[PDB]
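Visitor: My questions will all concern the structure given below.
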Amino acid sequence: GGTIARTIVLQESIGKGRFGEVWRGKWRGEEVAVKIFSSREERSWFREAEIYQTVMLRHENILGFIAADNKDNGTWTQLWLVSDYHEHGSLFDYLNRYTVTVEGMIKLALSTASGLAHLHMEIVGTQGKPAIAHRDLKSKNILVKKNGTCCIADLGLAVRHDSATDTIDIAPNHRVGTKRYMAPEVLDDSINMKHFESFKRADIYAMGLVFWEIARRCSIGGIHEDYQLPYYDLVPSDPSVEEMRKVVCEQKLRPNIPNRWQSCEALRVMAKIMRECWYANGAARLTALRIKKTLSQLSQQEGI
Ligand SMILES: Cc1cccc(-c2[nH]c(CNc3ccccc3F)nc2-c2ccc3ncnn3c2)n1
């Protein structure tokens, strides 16, 4: 028999994502995460397996993929994805549970930007990597490792670019992803989904929102903000496209940047990155690579 799902024992239910359910399991004595899909979710399982098996994808700031597998329990077939397990769980959970130091904030923001720059970057060569856009980046889809750096997960809605043709490997539907984090051009459906660069730019808007969630929890002299999701002050829980579009597109509002973030070079640089992710025009936003460079220079100056 097989060497993966056959030998893994599920221990603890973690919860349901877009499709399937995540568990903590044990494999050769080691904790692993397992995402289990049913037979009628095969397209979702296959596509996420396909993205994670992309040549040259592995990176410290992308969730470490172990395998795709099947497991037949005697009644039905389960479709498995197996990954590294991170005890802290999501950035969303971590930021709810904890405050961070200036060092902690920069590590979380730099590691996220590094993972997104790696996803976005085409690597040339025989073992080349296509450019990839995420399409559902949010704090619930980022994990915090024991070393206090992040890695990006839920690659199931990702799209891959063929640079030679400027074409994408699937036919994208409109307004996939989490409505709270949707870029203005996604909410008003103006995005040109035939241009791969548009999907990169939409990811940058979402990463800006995630940076705002992190910076709220950066405690200096015991001062910090409470955990909130972006737009907690303007839209209902589980907002509709229309509710988001009225706020982000029509009223042109973004998450508030507290006066406190001007007091501190690290928070000033973070706030400036947020503003330069939040432009209505995607073409004006920072690249992940530029954000990585800026936070790398800030990491150096603060001695992390
Ligand atoms: C490819 C694969 C295999 C196993 C888990 C995940 C995964 N997919 C998401 C997407 N997000 C998500 C999902 C469900 C419910 C809720 C959510 F936000 N997270 C994780 C994950 C991985 C590792 C880990 N370690 C501790 N938790 N944990 C979670 N991917």
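Under PDB author numbering, residues 198 to 501 are what the sequence shown spells out, in order.
Quick reminder that beta carbons are idealized off the backbone N, C-alpha and C, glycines included.
1) Pick out whichever of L464, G353, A481, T364 has its Cα sitting closest to the Cα of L492.
2) Should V279 be listed as close to ligand 2, given that the test is whether its C-beta is under 7 Å from any heavy atom?
3) Could you check the C-alpha separation between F393 and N258 for me, to the nearest Å?
4) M404 and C348 - do their beta-carbons sit closer together than 8 Å?
5) Could you pull the start and end residues of the alpha helix (DSSP H) that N293 belongs to?
6) Output the distance between the C-alpha atoms of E410 and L426, rounded to the nearest integer angstrom.
7) Please say whether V341 and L288 have beta carbons closer to each other than 8 Å?
8) Starting from the C-beta of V206, find all residues in its chain whose C-beta is less than 7 Å away, skip the five residues before and the five after it, and write them out in chain order.
9) From which residue to which residue does the beta strand (DSSP E) around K223 run?
10) Take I320 and list the residues in its own chain whose beta-carbon comes closer than 7 Å to its own, dropping the five residues that flank it on each side.
11) Using a Cβ-based criterion (distance less than 7 Å to any ligand heavy atom), does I501 qualify as near ligand 1?
12) Secondary structure at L334, three-state DSSP: helix, strand or coil?
13) Who are the near neighbours of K335 in its chain, counting only those whose CB is closer than 6 Å to its CB and skipping five residues on each side?
14) Exposed or buried, what is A368 when buried is set at 16 or more other beta-carbons lying within 10 Å of its beta-carbon?
15) Determine whether the beta carbon atoms of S395 and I401 lie at a separation below 8 Å.
16) Specify, as a first and last residue, the run of the alpha helix (DSSP H) that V356 falls within.
17) Take every Cβ of the stretch 307 to 321, pair it with every Cβ of the stretch 256 to 275, and state whether three or more of those distances are shorter than 8 Å.
18) Does DSSP put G212 in a helix, in a strand, or in coil?
19) Does DSSP put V432 in a helix, in a strand, or in coil?
20) Please state whether the Cβ-Cβ distance between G217 and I233 is less than 8 Å.
21) Let me know the secondary structure DSSP gives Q275 once reduced to three states.
22) Can you give the beta carbon distance from residue 547 to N293, rounded, assuming they're within the 8 Å contact cut?
23) Kindly give me the distance between the Cβ atoms of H317 and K391, rounded to whole angstroms, as I take these residues to be in contact under 8 Å.
24) If I measure Cβ to Cβ from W458 and keep anything under 8 Å in the same chain, skipping five residues before and after, which residues do I get?
25) Counting along the chain, where does the beta strand (DSSP E) carrying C461 start and finish?
26) Assign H371 to buried or exposed, taking buried as 16 or more other Cβ atoms, counted over all protein chains shown, within 10 Å of its Cβ.
27) Please confirm whether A355 and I339 have their CB atoms less than 8 Å apart.
Guide: In short:
1) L464
2) Looking at this structure, you won't find ligand 2 anywhere; what it does contain is ligand 1.
3) Rounded to whole angstroms, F393 to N258 spans 22 Å at the Cα level.
4) no
5) 288 to 294
6) 7 Å
7) yes
8) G222, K223
9) 218 to 224
10) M253, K326, listed in sequence order.
11) no
12) coil
13) Only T375, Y378 meet the Cβ criterion.
14) exposed
15) no
16) That residue, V356, is in no alpha helix (DSSP H); its beta strand (DSSP E) goes 356 to 359.
17) Proximity of the stretch 307 to 321 to the stretch 256 to 275 meets the contact definition, three or more beta-carbon pairs being nearer than 8 Å.
18) strand
19) coil
20) yes
21) strand
22) Because the chain spans 198 through 501 in this model, residue 547 falls outside it and cannot be assessed.
23) About 18 Å; that fails the 8 Å criterion.
24) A412, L464, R465, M467, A468
25) First-last for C461: undefined, no H or E at that position.
26) When all chains shown are included, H371 counts as exposed.
27) no
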